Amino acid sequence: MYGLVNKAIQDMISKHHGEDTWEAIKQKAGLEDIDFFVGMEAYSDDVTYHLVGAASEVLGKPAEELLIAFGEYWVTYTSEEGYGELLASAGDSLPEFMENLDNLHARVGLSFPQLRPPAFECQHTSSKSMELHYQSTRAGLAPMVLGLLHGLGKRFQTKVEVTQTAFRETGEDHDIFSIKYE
């Protein structure tokens, strides 16, 4: 993935758990010789997976838990590190934002040519609920999607309840989320 993602991981853990802890994760992940991640360069997905693993072993939290936290963190990070205008343009409510999400990533992909973005489709089942379908080239990011949804809930001062109802990991076609909102 693009170094932006790894910068953001680094950023979250350094603020929440300090630099000594990050140094350890950096060491344990096998990236002692990398001074900094370059935001607009594309790294192997391995680098992100080894960071999450090393972070899980250092922090003693399951990877999937850190994915939830990093999903939420990513909504604040992107607003503050040069994509706040783009975020705001994607909508004024949780449901409008999710409808616009493929569009946002298309806009991102102009400037990030090696982007493998996620594919999102919304089924609106009421004015307070929807089914969100998530398709990806990558596995195991469903917990991150859950965190992102809660961050968008906080962003739009909106109560939100998310439950994953279909699991690629369990042999369904693709990840599906049932979402309820104010």
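Numbering starts at 1 and runs along the sequence shown. We call the rigid core whatever largest set of C-alpha positions still superposes within 1.5 Å between the two forms.
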After fitting on the rigid core, pick out whichever of 167 to 175 or 11 to 19 shows the bigger RMS C-alpha deviation in 4 other deposited structures of this protein.
167 to 175
Between 26 to 34 and 131 to 139 (mean CA B-factor, as deposited), the higher
26 to 34
Third of the chain's Cα B-factor distribution that residue 70 belongs to, per the entry
lowest
What third of the chain, by the recorded C-alpha B-factor, contains residue 146?
lowest
Give the position of residue 90 by CA B-factor within its chain, expressed as the lowest, middle or highest third.
middle
How does the C-alpha B factor of residue 78 compare with the rest of the chain: lowest, middle or highest third?
lowest
Quick tally, chain-level thirds of C-alpha B-factors: residue 117 sits in the lowest
